[PDB]
Every structure is written in structure tokens, then in C-alpha cells.
file input-v3.tsv (TSV, C-alpha atoms and all ligand atoms)
chain	number	residue	atom	x	y	z
A	18	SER	CA	-126.37	-95.04	-59.14
A	19	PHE	CA	-122.99	-95.63	-57.49
A	20	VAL	CA	-122.79	-91.85	-57.22
A	21	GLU	CA	-123.04	-92.35	-53.46
A	22	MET	CA	-119.80	-94.34	-53.67
A	23	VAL	CA	-117.89	-92.25	-56.20
A	24	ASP	CA	-114.85	-90.58	-54.66
A	25	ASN	CA	-115.24	-92.49	-51.38
A	26	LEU	CA	-111.51	-93.24	-51.23
A	27	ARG	CA	-108.74	-91.01	-49.90
A	28	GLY	CA	-105.05	-91.72	-49.40
A	29	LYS	CA	-101.51	-90.58	-48.74
A	30	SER	CA	-99.05	-91.38	-51.50
A	31	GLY	CA	-97.15	-94.61	-50.84
A	32	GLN	CA	-99.49	-95.52	-47.98
A	33	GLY	CA	-102.52	-96.85	-49.87
A	34	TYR	CA	-106.17	-95.86	-50.23
A	35	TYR	CA	-108.68	-96.04	-47.41
A	36	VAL	CA	-112.45	-96.01	-47.21
A	37	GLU	CA	-114.50	-94.84	-44.26
A	38	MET	CA	-116.20	-97.62	-42.32
A	39	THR	CA	-118.12	-97.87	-39.09
A	40	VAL	CA	-117.98	-100.77	-36.68
A	41	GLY	CA	-120.21	-101.46	-33.69
A	42	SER	CA	-123.34	-100.04	-32.09
A	43	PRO	CA	-123.43	-97.22	-31.71
A	44	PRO	CA	-121.23	-96.96	-34.83
A	45	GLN	CA	-117.55	-96.09	-34.46
A	46	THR	CA	-115.89	-94.49	-37.48
A	47	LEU	CA	-112.48	-95.57	-38.74
A	48	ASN	CA	-110.50	-95.27	-41.96
A	49	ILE	CA	-109.85	-98.71	-43.42
A	50	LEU	CA	-107.18	-99.34	-46.04
A	51	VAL	CA	-108.54	-101.04	-49.16
A	52	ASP	CA	-106.32	-104.09	-49.65
A	53	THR	CA	-106.97	-106.54	-52.50
A	54	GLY	CA	-103.70	-108.20	-51.46
A	55	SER	CA	-104.97	-109.59	-48.17
A	56	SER	CA	-108.18	-111.14	-46.80
A	57	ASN	CA	-108.59	-109.98	-43.20
A	58	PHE	CA	-110.75	-107.23	-41.80
A	59	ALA	CA	-108.38	-106.01	-39.10
A	60	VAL	CA	-108.63	-102.81	-37.09
A	61	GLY	CA	-106.62	-101.19	-34.30
A	62	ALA	CA	-108.41	-102.02	-31.07
A	63	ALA	CA	-105.99	-100.69	-28.45
A	64	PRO	CA	-103.92	-97.54	-27.85
A	65	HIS	CA	-100.92	-96.92	-30.12
A	66	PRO	CA	-98.74	-93.84	-30.73
A	67	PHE	CA	-99.68	-93.90	-34.41
A	68	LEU	CA	-103.39	-94.60	-33.91
A	69	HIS	CA	-105.45	-91.51	-33.10
A	70	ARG	CA	-108.58	-93.66	-33.07
A	71	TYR	CA	-109.30	-97.31	-32.32
A	72	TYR	CA	-112.07	-99.91	-32.16
A	73	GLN	CA	-113.39	-100.06	-28.60
A	74	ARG	CA	-115.21	-103.38	-28.36
A	75	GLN	CA	-116.38	-102.69	-24.81
A	76	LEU	CA	-118.48	-99.83	-26.25
A	77	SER	CA	-120.32	-101.89	-28.85
A	78	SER	CA	-123.49	-103.63	-27.71
A	79	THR	CA	-123.23	-105.79	-30.84
A	80	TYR	CA	-119.69	-107.06	-30.30
A	81	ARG	CA	-119.06	-110.78	-29.89
A	82	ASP	CA	-115.80	-112.38	-28.81
A	83	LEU	CA	-114.71	-115.36	-30.90
A	84	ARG	CA	-112.38	-116.23	-28.03
A	85	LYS	CA	-109.47	-116.84	-30.41
A	86	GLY	CA	-106.23	-115.01	-31.14
A	87	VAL	CA	-104.33	-114.29	-34.33
A	88	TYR	CA	-100.63	-113.54	-34.77
A	89	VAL	CA	-99.51	-112.05	-38.07
A	90	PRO	CA	-95.80	-111.48	-38.72
A	91	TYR	CA	-95.36	-108.57	-41.13
A	92	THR	CA	-91.89	-108.18	-42.63
A	93	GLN	CA	-89.77	-106.93	-39.74
A	94	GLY	CA	-92.63	-106.53	-37.30
A	95	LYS	CA	-96.06	-107.99	-36.67
A	96	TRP	CA	-99.54	-107.51	-35.34
A	97	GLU	CA	-101.67	-109.56	-32.96
A	98	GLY	CA	-105.34	-109.48	-32.15
A	99	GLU	CA	-108.44	-111.07	-30.76
A	100	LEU	CA	-110.87	-112.41	-33.36
A	101	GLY	CA	-114.49	-111.34	-33.03
A	102	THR	CA	-117.55	-110.18	-34.92
A	103	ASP	CA	-119.63	-107.04	-34.99
A	104	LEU	CA	-121.90	-104.98	-37.22
A	105	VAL	CA	-120.01	-103.19	-39.98
A	106	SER	CA	-121.10	-100.61	-42.52
A	107	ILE	CA	-119.74	-98.26	-45.16
A	108	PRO	CA	-121.16	-94.72	-44.95
A	109	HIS	CA	-120.27	-94.00	-48.58
A	110	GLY	CA	-120.93	-97.49	-49.87
A	111	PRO	CA	-123.90	-99.78	-50.31
A	112	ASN	CA	-126.67	-99.01	-47.85
A	113	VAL	CA	-126.08	-102.21	-45.92
A	114	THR	CA	-125.01	-103.25	-42.44
A	115	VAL	CA	-123.37	-106.64	-42.05
A	116	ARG	CA	-122.01	-108.83	-39.28
A	117	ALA	CA	-118.41	-109.59	-40.18
A	118	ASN	CA	-115.32	-111.12	-38.64
A	119	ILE	CA	-113.03	-108.47	-37.22
A	120	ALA	CA	-109.48	-108.92	-36.07
A	121	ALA	CA	-109.17	-106.59	-33.11
A	122	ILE	CA	-105.52	-105.59	-33.29
A	123	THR	CA	-104.35	-105.25	-29.70
A	124	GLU	CA	-100.57	-105.39	-30.15
A	125	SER	CA	-98.21	-104.54	-32.99
A	126	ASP	CA	-94.53	-104.09	-33.79
A	127	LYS	CA	-93.46	-101.93	-36.74
A	128	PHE	CA	-96.88	-102.29	-38.37
A	129	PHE	CA	-98.85	-99.04	-38.17
A	130	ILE	CA	-97.21	-96.20	-40.09
A	131	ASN	CA	-96.23	-92.99	-38.34
A	132	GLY	CA	-98.95	-90.51	-39.24
A	133	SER	CA	-101.16	-92.61	-41.46
A	134	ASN	CA	-104.80	-91.80	-42.08
A	135	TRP	CA	-105.98	-95.38	-41.69
A	136	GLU	CA	-106.69	-97.36	-38.52
A	137	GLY	CA	-107.50	-100.71	-40.11
A	138	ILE	CA	-107.31	-102.89	-43.19
A	139	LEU	CA	-110.03	-104.30	-45.43
A	140	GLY	CA	-108.68	-107.48	-47.01
A	141	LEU	CA	-110.70	-108.05	-50.18
A	142	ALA	CA	-108.81	-111.10	-51.44
A	143	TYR	CA	-110.12	-114.63	-50.92
A	144	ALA	CA	-110.41	-116.75	-47.78
A	145	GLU	CA	-107.48	-119.00	-48.71
A	146	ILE	CA	-105.05	-116.29	-47.62
A	147	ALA	CA	-107.03	-115.20	-44.56
A	148	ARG	CA	-105.39	-115.37	-41.12
A	149	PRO	CA	-105.31	-117.48	-39.11
A	150	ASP	CA	-106.84	-119.89	-41.67
A	151	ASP	CA	-109.33	-120.06	-44.53
A	152	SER	CA	-112.24	-120.49	-42.12
A	153	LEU	CA	-112.21	-116.82	-41.19
A	154	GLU	CA	-114.69	-115.58	-43.77
A	155	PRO	CA	-113.40	-112.43	-45.51
A	156	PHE	CA	-115.55	-109.31	-45.20
A	157	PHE	CA	-116.69	-109.11	-48.82
A	158	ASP	CA	-117.92	-112.71	-48.60
A	159	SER	CA	-120.17	-111.90	-45.64
A	160	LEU	CA	-121.32	-108.73	-47.36
A	161	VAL	CA	-122.48	-110.67	-50.41
A	162	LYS	CA	-124.12	-113.49	-48.47
A	163	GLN	CA	-125.95	-111.21	-46.05
A	164	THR	CA	-127.20	-108.77	-48.68
A	165	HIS	CA	-128.19	-108.65	-52.35
A	166	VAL	CA	-125.07	-106.77	-53.38
A	167	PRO	CA	-123.69	-108.40	-56.51
A	168	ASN	CA	-120.50	-110.40	-56.01
A	169	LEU	CA	-118.29	-107.71	-57.54
A	170	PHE	CA	-116.39	-104.53	-56.73
A	171	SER	CA	-114.37	-102.06	-58.79
A	172	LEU	CA	-111.57	-99.66	-57.92
A	173	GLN	CA	-110.61	-96.37	-59.50
A	174	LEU	CA	-107.36	-95.37	-57.83
A	175	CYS	CA	-106.43	-91.84	-58.85
A	176	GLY	CA	-103.10	-90.34	-57.91
A	177	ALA	CA	-100.94	-87.24	-57.95
A	189	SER	CA	-104.17	-86.00	-51.01
A	190	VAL	CA	-104.83	-88.86	-53.42
A	191	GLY	CA	-108.38	-90.09	-53.94
A	192	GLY	CA	-110.39	-92.71	-55.78
A	193	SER	CA	-113.57	-94.76	-55.78
A	194	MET	CA	-114.53	-98.17	-54.52
A	195	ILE	CA	-117.80	-99.20	-56.14
A	196	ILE	CA	-119.21	-102.13	-54.22
A	197	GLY	CA	-121.59	-104.28	-56.25
A	198	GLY	CA	-121.36	-102.55	-59.61
A	199	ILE	CA	-119.48	-100.83	-62.40
A	200	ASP	CA	-119.75	-97.04	-62.64
A	201	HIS	CA	-119.45	-95.92	-66.27
A	202	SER	CA	-118.21	-92.43	-65.46
A	203	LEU	CA	-115.06	-93.95	-63.99
A	204	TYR	CA	-113.57	-95.19	-67.26
A	205	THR	CA	-113.49	-94.75	-71.03
A	206	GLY	CA	-113.51	-97.16	-73.97
A	207	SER	CA	-113.78	-100.90	-73.38
A	208	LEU	CA	-113.35	-103.15	-70.36
A	209	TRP	CA	-111.15	-106.15	-71.11
A	210	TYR	CA	-111.26	-109.11	-68.74
A	211	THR	CA	-108.51	-111.48	-67.68
A	212	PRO	CA	-109.44	-114.67	-65.84
A	213	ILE	CA	-108.69	-114.96	-62.14
A	214	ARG	CA	-106.35	-117.95	-62.24
A	215	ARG	CA	-106.99	-119.08	-58.66
A	216	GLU	CA	-109.10	-117.59	-55.89
A	217	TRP	CA	-106.62	-116.71	-53.16
A	218	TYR	CA	-104.88	-113.54	-54.20
A	219	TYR	CA	-106.38	-111.92	-57.24
A	220	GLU	CA	-103.89	-113.89	-59.30
A	221	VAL	CA	-103.62	-113.37	-63.04
A	222	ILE	CA	-101.37	-114.43	-65.93
A	223	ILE	CA	-99.15	-112.01	-67.83
A	224	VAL	CA	-98.39	-113.49	-71.24
A	225	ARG	CA	-96.09	-110.79	-72.63
A	226	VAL	CA	-94.31	-107.60	-71.61
A	227	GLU	CA	-93.26	-104.63	-73.74
A	228	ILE	CA	-91.25	-101.51	-73.04
A	229	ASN	CA	-92.16	-98.94	-75.67
A	230	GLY	CA	-93.30	-101.68	-78.03
A	231	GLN	CA	-90.11	-103.67	-77.56
A	232	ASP	CA	-90.75	-107.21	-76.33
A	233	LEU	CA	-88.95	-108.07	-73.11
A	234	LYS	CA	-88.65	-111.49	-74.77
A	235	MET	CA	-88.54	-113.79	-71.74
A	236	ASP	CA	-90.14	-117.13	-70.96
A	237	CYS	CA	-93.58	-115.75	-70.12
A	238	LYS	CA	-93.38	-117.99	-67.04
A	239	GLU	CA	-90.83	-115.51	-65.68
A	240	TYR	CA	-93.44	-112.75	-65.65
A	241	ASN	CA	-95.62	-114.86	-63.36
A	242	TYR	CA	-92.98	-116.42	-61.14
A	243	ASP	CA	-94.09	-117.45	-58.74
A	244	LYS	CA	-97.33	-115.55	-59.37
A	245	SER	CA	-98.87	-112.32	-60.61
A	246	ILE	CA	-101.41	-110.51	-58.48
A	247	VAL	CA	-103.40	-107.28	-58.50
A	248	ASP	CA	-102.80	-105.61	-55.16
A	249	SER	CA	-104.19	-102.23	-54.12
A	250	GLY	CA	-102.21	-102.72	-50.91
A	251	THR	CA	-98.93	-102.30	-52.76
A	252	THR	CA	-97.61	-99.02	-54.14
A	253	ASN	CA	-95.14	-100.11	-56.81
A	254	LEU	CA	-95.19	-102.32	-59.82
A	255	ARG	CA	-93.04	-105.10	-58.42
A	256	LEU	CA	-91.48	-107.63	-60.77
A	257	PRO	CA	-89.47	-110.84	-60.38
A	258	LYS	CA	-85.70	-110.37	-60.33
A	259	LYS	CA	-85.04	-111.55	-63.89
A	260	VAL	CA	-87.96	-109.45	-65.13
A	261	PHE	CA	-87.10	-106.37	-63.09
A	262	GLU	CA	-83.53	-106.56	-64.32
A	263	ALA	CA	-84.65	-106.72	-67.94
A	264	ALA	CA	-87.31	-104.04	-67.50
A	265	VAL	CA	-84.82	-101.62	-65.97
A	266	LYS	CA	-82.19	-102.26	-68.62
A	267	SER	CA	-84.85	-101.55	-71.24
A	268	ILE	CA	-86.29	-98.53	-69.46
A	269	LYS	CA	-82.74	-97.23	-69.15
A	270	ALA	CA	-82.01	-97.63	-72.85
A	271	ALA	CA	-85.37	-96.07	-73.75
A	272	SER	CA	-84.51	-92.92	-71.78
A	273	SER	CA	-80.78	-92.61	-72.48
A	274	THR	CA	-81.10	-88.96	-73.64
A	275	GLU	CA	-80.78	-88.13	-69.96
A	276	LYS	CA	-78.73	-90.10	-67.45
A	277	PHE	CA	-79.84	-90.80	-63.90
A	278	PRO	CA	-77.89	-91.90	-60.80
A	279	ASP	CA	-78.07	-95.67	-60.27
A	280	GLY	CA	-79.78	-94.73	-57.00
A	281	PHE	CA	-82.80	-93.52	-58.92
A	282	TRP	CA	-83.31	-96.89	-60.60
A	283	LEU	CA	-83.25	-98.44	-57.14
A	284	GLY	CA	-85.98	-96.15	-55.84
A	285	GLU	CA	-83.45	-94.54	-53.53
A	286	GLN	CA	-82.74	-91.25	-55.29
A	287	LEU	CA	-85.14	-88.72	-56.78
A	288	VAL	CA	-85.11	-86.99	-60.14
A	289	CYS	CA	-86.21	-83.39	-60.53
A	290	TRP	CA	-87.14	-80.93	-63.25
A	291	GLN	CA	-88.23	-77.31	-63.37
A	292	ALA	CA	-91.87	-77.23	-62.31
A	293	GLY	CA	-93.99	-78.13	-65.35
A	294	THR	CA	-91.09	-79.35	-67.49
A	295	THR	CA	-90.92	-83.07	-66.68
A	296	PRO	CA	-89.68	-84.82	-69.87
A	297	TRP	CA	-92.39	-87.49	-69.83
A	298	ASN	CA	-91.83	-88.35	-73.49
A	299	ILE	CA	-88.23	-89.55	-73.09
A	300	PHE	CA	-89.63	-92.25	-70.80
A	301	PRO	CA	-91.15	-95.36	-72.34
A	302	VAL	CA	-94.64	-96.71	-71.80
A	303	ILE	CA	-95.03	-100.17	-70.28
A	304	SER	CA	-97.40	-102.79	-71.65
A	305	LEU	CA	-98.49	-105.94	-69.91
A	306	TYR	CA	-100.38	-108.43	-72.03
A	307	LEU	CA	-102.91	-110.32	-69.95
A	308	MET	CA	-104.45	-113.69	-70.72
A	309	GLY	CA	-107.86	-113.05	-72.29
A	310	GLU	CA	-111.27	-114.61	-71.77
A	311	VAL	CA	-111.27	-116.22	-75.22
A	312	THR	CA	-108.90	-118.98	-76.35
A	313	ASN	CA	-105.53	-117.82	-77.69
A	314	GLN	CA	-106.70	-114.25	-77.15
A	315	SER	CA	-104.95	-111.73	-74.92
A	316	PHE	CA	-105.19	-107.99	-74.35
A	317	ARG	CA	-102.69	-105.43	-73.14
A	318	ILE	CA	-102.75	-102.60	-70.64
A	319	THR	CA	-100.31	-99.76	-71.13
A	320	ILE	CA	-99.12	-97.37	-68.44
A	321	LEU	CA	-97.08	-94.20	-68.79
A	322	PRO	CA	-94.14	-92.77	-66.86
A	323	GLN	CA	-96.79	-90.68	-65.12
A	324	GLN	CA	-97.77	-93.92	-63.41
A	325	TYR	CA	-94.38	-95.44	-62.56
A	326	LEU	CA	-92.75	-92.11	-61.71
A	327	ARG	CA	-94.21	-91.36	-58.27
A	328	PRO	CA	-94.33	-87.65	-57.43
A	329	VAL	CA	-92.71	-86.92	-54.08
A	335	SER	CA	-89.48	-76.79	-53.61
A	336	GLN	CA	-90.21	-75.19	-56.98
A	337	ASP	CA	-89.27	-78.31	-58.94
A	338	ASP	CA	-91.19	-81.46	-59.76
A	339	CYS	CA	-89.46	-84.44	-58.16
A	340	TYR	CA	-90.15	-88.15	-58.62
A	341	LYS	CA	-89.14	-91.61	-57.43
A	342	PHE	CA	-88.86	-94.68	-59.66
A	343	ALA	CA	-91.90	-96.73	-58.61
A	344	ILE	CA	-90.91	-99.99	-60.28
A	345	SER	CA	-89.11	-102.34	-57.93
A	346	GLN	CA	-87.80	-105.86	-57.45
A	347	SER	CA	-89.94	-108.68	-56.07
A	348	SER	CA	-89.17	-112.19	-54.88
A	349	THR	CA	-92.82	-113.05	-54.29
A	350	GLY	CA	-93.82	-112.64	-57.93
A	351	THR	CA	-95.29	-109.79	-59.95
A	352	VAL	CA	-97.39	-107.32	-58.02
A	353	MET	CA	-99.59	-105.06	-60.09
A	354	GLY	CA	-99.86	-102.41	-57.40
A	355	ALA	CA	-101.00	-98.79	-57.45
A	356	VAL	CA	-98.46	-97.99	-60.15
A	357	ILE	CA	-100.57	-100.18	-62.43
A	358	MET	CA	-104.00	-99.72	-60.90
A	359	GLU	CA	-103.80	-95.93	-61.13
A	360	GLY	CA	-103.96	-96.07	-64.91
A	361	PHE	CA	-107.14	-98.10	-65.01
A	362	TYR	CA	-110.62	-98.70	-63.75
A	363	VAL	CA	-110.21	-102.17	-62.25
A	364	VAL	CA	-113.25	-104.43	-61.96
A	365	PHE	CA	-112.95	-107.38	-59.58
A	366	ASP	CA	-115.66	-109.56	-61.08
A	367	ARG	CA	-115.70	-112.28	-58.43
A	368	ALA	CA	-119.04	-113.57	-59.71
A	369	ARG	CA	-117.47	-114.47	-63.05
A	370	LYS	CA	-113.96	-115.14	-61.77
A	371	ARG	CA	-112.31	-112.40	-63.81
A	372	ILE	CA	-110.70	-108.98	-63.52
A	373	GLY	CA	-111.65	-106.11	-65.81
A	374	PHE	CA	-109.34	-103.34	-66.97
A	375	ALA	CA	-110.45	-100.13	-68.62
A	376	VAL	CA	-108.62	-96.87	-69.20
A	377	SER	CA	-109.26	-94.76	-66.09
A	378	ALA	CA	-111.24	-91.54	-66.46
A	379	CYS	CA	-109.05	-90.00	-63.76
A	380	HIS	CA	-105.60	-91.28	-64.73
A	381	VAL	CA	-102.72	-88.83	-65.09
A	382	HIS	CA	-101.34	-88.35	-68.61
A	383	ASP	CA	-100.18	-85.62	-70.99
A	384	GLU	CA	-101.63	-84.40	-74.27
A	385	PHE	CA	-99.63	-86.86	-76.37
A	386	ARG	CA	-99.96	-90.16	-74.53
A	387	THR	CA	-102.56	-91.93	-72.47
A	388	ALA	CA	-102.87	-95.17	-70.53
A	389	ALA	CA	-104.46	-97.79	-72.77
A	390	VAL	CA	-106.31	-101.10	-72.81
A	391	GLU	CA	-106.23	-102.65	-76.26
A	392	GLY	CA	-107.12	-106.02	-77.77
A	393	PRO	CA	-107.41	-108.59	-78.88
A	394	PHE	CA	-104.07	-110.16	-79.79
A	395	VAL	CA	-103.44	-113.71	-80.96
A	396	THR	CA	-101.45	-115.49	-78.27
A	397	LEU	CA	-100.69	-119.21	-78.11
A	398	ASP	CA	-99.88	-121.41	-75.12
A	399	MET	CA	-101.03	-118.76	-72.65
A	400	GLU	CA	-101.57	-121.55	-70.12
A	401	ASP	CA	-97.81	-122.12	-70.21
A	402	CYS	CA	-97.19	-118.63	-68.85
A	403	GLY	CA	-98.72	-119.74	-65.57
A	404	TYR	CA	-96.13	-120.91	-63.08
A	405	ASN	CA	-96.79	-123.92	-60.87
A	501	LIG	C1	-103.56	-109.36	-42.69
A	501	LIG	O1	-102.23	-108.84	-42.43
A	501	LIG	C2	-101.84	-107.82	-43.19
A	501	LIG	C3	-102.61	-107.18	-44.15
A	501	LIG	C4	-102.08	-106.12	-44.87
A	501	LIG	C5	-100.78	-105.67	-44.66
A	501	LIG	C6	-100.25	-104.52	-45.47
A	501	LIG	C7	-101.12	-103.26	-45.47
A	501	LIG	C8	-100.27	-102.07	-45.80
A	501	LIG	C9	-100.44	-101.41	-47.01
A	501	LIG	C10	-99.64	-100.30	-47.31
A	501	LIG	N1	-99.81	-99.67	-48.47
A	501	LIG	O2	-98.80	-98.81	-48.90
A	501	LIG	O3	-100.98	-99.92	-49.17
A	501	LIG	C11	-98.67	-99.85	-46.42
A	501	LIG	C12	-98.51	-100.52	-45.21
A	501	LIG	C13	-99.30	-101.63	-44.90
A	501	LIG	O4	-99.20	-102.32	-43.77
A	501	LIG	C14	-98.57	-101.64	-42.66
A	501	LIG	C15	-100.01	-105.00	-46.88
A	501	LIG	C16	-98.86	-105.26	-47.61
A	501	LIG	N2	-99.25	-105.68	-48.84
A	501	LIG	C17	-100.60	-105.69	-48.90
A	501	LIG	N3	-101.34	-106.05	-49.96
A	501	LIG	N4	-101.05	-105.28	-47.70
A	501	LIG	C18	-100.01	-106.31	-43.70
A	501	LIG	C19	-100.54	-107.37	-42.98
A	501	LIG	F1	-99.77	-107.97	-42.05
call {"tool": "encode", "arguments": {"input": "input-v3.tsv", "output": "C-alpha cells", "more": "lines below"}}
Ligand SMILES: COc1ccc([C@H](Cc2cc([N+](=O)[O-])ccc2OC)c2c[nH]c(N)n2)cc1F
result
Amino acid sequence: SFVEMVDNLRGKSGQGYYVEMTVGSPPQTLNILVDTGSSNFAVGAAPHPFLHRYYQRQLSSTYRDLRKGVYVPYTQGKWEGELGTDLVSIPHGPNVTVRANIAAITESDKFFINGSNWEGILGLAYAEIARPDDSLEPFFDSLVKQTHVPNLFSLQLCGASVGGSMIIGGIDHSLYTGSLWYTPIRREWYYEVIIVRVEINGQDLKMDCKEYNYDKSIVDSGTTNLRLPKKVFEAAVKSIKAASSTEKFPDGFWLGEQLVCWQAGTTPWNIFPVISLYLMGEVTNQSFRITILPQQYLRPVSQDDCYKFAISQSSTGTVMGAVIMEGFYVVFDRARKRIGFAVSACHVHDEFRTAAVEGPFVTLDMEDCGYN
């Protein structure tokens, strides 16, 4: 089972992964970004230069107008829409059709990306961060309530046309290897977690573990990079720099501005360190760590192989984005309020190193790593 859902994700590097969904009756097909960093089901519902398709409510016999608007400011830009409901389904997902809240995006400024394969967003986080308020039930919540699909989904984000799998309602064994280790979901808004220790090539970053989670640490498929707090990013980069000093790179590379290139097939992966995040475990004083390779944080972008540094600075806490998720099979066990990590069956590595998920490790005062 779940074979119907395997490989149901596609994507364009740096733009996220999208699943195919249909909305309305008769069904209208759209590509919806899979975002565990937001909680709205929003879709383009009016003409736009970047949208080559859009939700046409007037053509759905099953549409219902909630007669309420929503205004979402996004960085330097925004989107606005009319809230409503309609029948939604996932062609390559569970065989269910559900009535869900839909934010019909009717106006936007600097939101939709020029030439992006997706026309909407599927916010899989919790209601607390749903716009305009926590009373707009997130899609996955309606899905679970209206069907018998277990309260759980898993993501295998593979990279370099990127692809992956979103398994709704189960765990597909062929998507990972070894063990799944679970970290508790600290609070149900974002998929917030607690990082209790960071290593660069085995060397402890040695910071107040509260810094790692300041002001929070989330798992966000809607973010490309691994984004770390300023103090943490600064330390991580210093350490990553030291670890790879056999070659020097322009300060622009460490800022994600400049690229770094090598003769096709000669990328010096080994001079780059691995990165380990220790996550709070399910058992007392027990943690586990997930380790990613340069193949994860060096985003491929001629007859050379060129890459961009995919670790960047955050002011809104740690974001375990695609850079992290692409090394692992990530299980969002909402039912049990925990997130599973297993080595991904599709992650990119070489013959000497591999992403890892190891445990347990004795760790005291893990609660103290949580920032308030
Ligand atoms: C409910 O309101 C929003 C939901 C999601 C986003 C973006 C989605 C997005 C993802 C990627 N992407 O690269 O996956 C690129 C561009 C995007 O928006 C244009 C986002 C930001 N962070 C998260 N989790 N998602 C912005 C919103 F205003």
C-alpha cells in the first residue's frame, strides 16, 4: 500500500515540492505546494502573469462562499483572497474527497514566483498559525475528521526536476532504511521541535542549547535552506569554514551569494563536514541525532558542477527546511504528537558517507533547550 502515493511530489529546486490536487465539481487540477510551515489551503483564483491555471469558483457546483476575506502580508509583498469551501481530492493520494476551507487568492503582490509549477499552497501545520485565525480549520484536519485516514503523514523529499513522496495516513517502508527515531512536537502550531546539541564533523558547537531553538525550531518543507539563529549561524559557518580550509571560498559563497564549481564529477565532498543535530528524544534524558552531508547543504545550481551554500541566517529561529528534510524520511505523527526521522532511501550521498539517524544518547536538562 502507499504505492499509489509514492513519487507523487515534483518540484523545482529552491521553489518547494508540490502535489497534484483537484478542487471543485467537476474537478479542477492544480499543483499545490506542500508546506509544513503554514496552515492554509490557498490557491490562485484569479488571473495572474505567473499563474497558467487558477481555481474558477464560478465553475464548481460544490463551491460555497464563506463571505469573508483574508489578507496575508508575505515579506515584501502579500496575497489576498476570499475564504470559501469546496470538495478537494488528491489524485495520487488517499482515495478520499473532502470538503475543506479554501482561500481563493484573488490578488497578490510579489507572491507567486515567475515560472513556478505550483498554483496553490497546502499548509499542513496546525490551526494556531492559520490565517485569518485559528478557526479556519487546516486541510489535514478536515481530511482526518471526514475520513478514516490516520492522523499522520510522511514526506520523502528527494533532490538533485526534483521529486519525492507525500504518504498521507501511513509510513511507507521502501522510503527509508534503518530505524525511525521520534522527537516530540513541542507545541502544535508549527511543527516545533527542540534541538539539544549541534555538531560540525563531531565537534560540538558548544552553545547554550537554548540558542539552537531561539526563538523556536521548526520542520518546514516550505523552506529551502537550513536556517539558523544569528549566533548559531555565525558559529556554524566559522566551524564549517575551518573544517574545509584545504580550499578557500569567496566570502560571497558563505552568504549564499556566490557559487562554487568543480570539474563535472569531481566535487570534493569529503573536505566538507557533516552536520549533526541532536533532537530531544521520546524517553527521558534520551536524545538522538540526525546527520546530513554537504550533498544536502550544497545546493546544485556548463560542464562543471556548481553549488550554492544552502545554510543561511534566520531571525525567526531554526528552520529545518529541505536542506535537512532531503536527507531523511520525515514522519509527521500528529496522532502521537511526534516527528519521526529515518535515513532516506533516496537521499544523495557518496560511497564513503551517508546521512544518518543514530541514538540514543544520554542528554540532561533537554527541557532547558526549549526557549520561552
Ligand atoms: C499562508 O500564507 C503563506 C503560506 C506560505 C508561504 C510560502 C510558500 C512558499 C514556499 C517556497 N518554497 O521555496 O517552498 C517559495 C515561495 C513561497 O511563497 C511564495 C512559505 C514560506 N515559508 C513557508 N513555510 N511557506 C507564504 C504565505 F504567505
call {"tool": "atom_distance", "arguments": {"input": "input-v3.tsv", "atom1": "CA of residue 152 (chain A)", "atom2": "CA of residue 118 (chain A)"}}
result
10.5 Å
call {"tool": "residues_near_ligand", "arguments": {"input": "input-v3.tsv", "ligand": "ligand LIG 501 (chain A)", "cutoff": "8 Å", "atoms": "only C-alpha atoms and all ligand atoms", "output": "count of residues only"}}
result
34
call {"tool": "closest_atom_pairs", "arguments": {"input": "input-v3.tsv", "of": "region 219-273 of chain A", "to": "region 294-307 of chain A", "cutoff": "7 Å", "atoms": "only C-alpha atoms", "output": "CSV"}}
result
residue,atom,partner,partner_atom,distance
A:222,CA,A:307,CA,6.0
A:223,CA,A:307,CA,4.6
A:224,CA,A:306,CA,5.5
A:225,CA,A:306,CA,4.9
A:226,CA,A:305,CA,4.8
A:227,CA,A:304,CA,5.0
A:228,CA,A:303,CA,4.9
A:229,CA,A:301,CA,5.0
A:268,CA,A:301,CA,6.5
A:271,CA,A:301,CA,6.0
A:272,CA,A:299,CA,5.2
call {"tool": "closest_residue", "arguments": {"input": "input-v3.tsv", "among": "A:167, A:309, A:328, A:94", "to": "residue 393 (chain A)", "atoms": "all atoms listed in the file"}}
result
A:309
call {"tool": "closest_atom_pairs", "arguments": {"input": "input-v3.tsv", "of": "region 134-174 of chain A", "to": "region 193-214 of chain A", "cutoff": "8 Å", "atoms": "all atoms listed in the file", "output": "Markdown table"}}
result
| residue | atom | partner | partner_atom | distance |
| --- | --- | --- | --- | --- |
| A:166 | CA | A:197 | CA | 5.2 |
| A:167 | CA | A:197 | CA | 4.6 |
| A:168 | CA | A:197 | CA | 6.2 |
| A:169 | CA | A:197 | CA | 4.9 |
| A:170 | CA | A:196 | CA | 4.5 |
| A:171 | CA | A:195 | CA | 5.2 |
| A:172 | CA | A:194 | CA | 4.7 |
| A:173 | CA | A:193 | CA | 5.0 |
| A:174 | CA | A:193 | CA | 6.6 |
call {"tool": "write_last_selection", "arguments": {"input": "input-v3.tsv", "atoms": "C-alpha atoms", "output": "mmCIF file, keeping the file's coordinate frame"}}
result
data_model
loop_
_atom_site.group_PDB
_atom_site.id
_atom_site.type_symbol
_atom_site.label_atom_id
_atom_site.label_comp_id
_atom_site.auth_asym_id
_atom_site.auth_seq_id
_atom_site.Cartn_x
_atom_site.Cartn_y
_atom_site.Cartn_z
ATOM 1 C CA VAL A 166 -125.070 -106.770 -53.380
ATOM 2 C CA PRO A 167 -123.690 -108.400 -56.510
ATOM 3 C CA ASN A 168 -120.500 -110.400 -56.010
ATOM 4 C CA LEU A 169 -118.290 -107.710 -57.540
ATOM 5 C CA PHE A 170 -116.390 -104.530 -56.730
ATOM 6 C CA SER A 171 -114.370 -102.060 -58.790
ATOM 7 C CA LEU A 172 -111.570 -99.660 -57.920
ATOM 8 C CA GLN A 173 -110.610 -96.370 -59.500
ATOM 9 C CA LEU A 174 -107.360 -95.370 -57.830
#
call {"tool": "closest_residue", "arguments": {"input": "input-v3.tsv", "among": "A:319, A:345, A:102, A:133", "to": "residue 392 (chain A)", "atoms": "all atoms listed in the file"}}
result
A:319
call {"tool": "atom_distance", "arguments": {"input": "input-v3.tsv", "atom1": "CA of residue 282 (chain A)", "atom2": "CA of residue 376 (chain A)"}}
result
26.7 Å
call {"tool": "axis_aligned_box", "arguments": {"input": "input-v3.tsv", "around": "region 358-369 of chain A", "padding_each_side": "6 Å", "output": "AutoDock Vina command-line options"}}
result
--center_x -111.4 --center_y -105.2 --center_z -61.7 --size_x 27.2 --size_y 30.5 --size_z 18.6
